[PDB]
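# Provide a 3D model corresponding to the input given below.
(chains A and B)
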Amino acid sequence: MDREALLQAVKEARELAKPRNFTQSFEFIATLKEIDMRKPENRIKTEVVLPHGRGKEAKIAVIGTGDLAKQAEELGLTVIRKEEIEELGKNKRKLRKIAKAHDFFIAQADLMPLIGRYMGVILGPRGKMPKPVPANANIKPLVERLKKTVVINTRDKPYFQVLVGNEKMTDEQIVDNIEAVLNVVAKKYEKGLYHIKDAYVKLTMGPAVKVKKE
RNA sequence: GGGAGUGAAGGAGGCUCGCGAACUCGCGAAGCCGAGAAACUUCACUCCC
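Numbers count the residues shown, from 1 in each chain, chains lettered A, B, ... in the order given. Let me share the structure:
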């Protein structure tokens, strides 16, 4: 529908931006319409998987023991084993960094009551509260699912931002990445696809390219 | 599409200066903020003319 639009909208931002000493990632910003941001009414705190995903696999880490914690290493992930949970809670500088380094966290479920009490504080209101993992479960259907998961939270404000690619991936690829990010929209109450004002996209060190066609 | 502040998004970078007949090409132990939410690029909400 407005595919051609957003498509031109992004061809415009690839050169509308400077080369860099690393690679820029694409972000889409959205300006809402009529709501109140004050009602339980959807605030979008959901997460919906990205089709072609990013160019950068999300980063995961796990809190657990032995077997659960075993899936980790061979899976290439980083891991925080029990005792270190304390050792960390009394060393916040590191505690933090870790958090700014890993998109997601999964916990040996029965291990939350050590987490909340020890990693908790400097973790939760930073979006890093780790998700529980039942007893002895299989991780890949989720973890593997996550390397491409993208978050869509906004707290109480009529706007939002999400990643939807990386300078390395391709034009069209992003589109749908976005398109898809939008289906989130339609499902609520009655928010067709147009309950927002404008929409720009641009990457890390580039210009917020405008919303329309030509 | 002048500036303030606050918020949230991407982020490991960003930016100056010197020498060669040399714009962003080469050479430079030359310097300045940053990977601590706070550098850099932004968007929006309340301002200020």
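
# going forward, measure contacts and count neighbours with C-alpha atoms only.
Noted.

# In contact with residue A:201, which residues?
Taking Cα atoms under 8 Å, 6 or more residues apart in numbering as the criterion, residue A:201 is in contact with A:9-10, A:13, A:26-29, A:208-210.

# quick one: residue A:187 and RNA strand B, what's the gap?
Plainly put, residue A:187 is 22 Å away from RNA strand B if you go by Cα to the nearest atom of the strand, to the nearest Å.

# Now that residue. Its backbone dihedrals?
Here is the backbone geometry of residue A:187 (degrees, to the nearest 10): phi -60, psi -30.

# what about it, distance to residue A:181?
Between residue A:187 and residue A:181 the distance is 12 Å, computed by Cα to Cα, to the nearest Å.

# Which one of these two is surrounded by more residues?
residue A:181 (22 against 11; other Cα atoms under 10 Å).

# so what does the host helix or strand of residue A:72 touch, helix or strand wise?
In this structure, residue A:72 is located in helix A:66-75 according to DSSP states H and E. Under the contact definition 3 or more Cα pairs under 8 Å, 6 or more residues apart in numbering; DSSP states H and E, helix A:66-75 sits against strand A:60-64, strand A:78-81.

# if I pick residue A:62, what's in contact with it?
With contact taken as Cα under 8 Å, 6+ apart, residue A:62 is in contact with A:69, A:72, A:77-80, A:105-108.

# oh, I was asking about residue A:196
With contacts defined as Cα under 8 Å, 6+ apart, residue A:196 is in contact with A:30-33.
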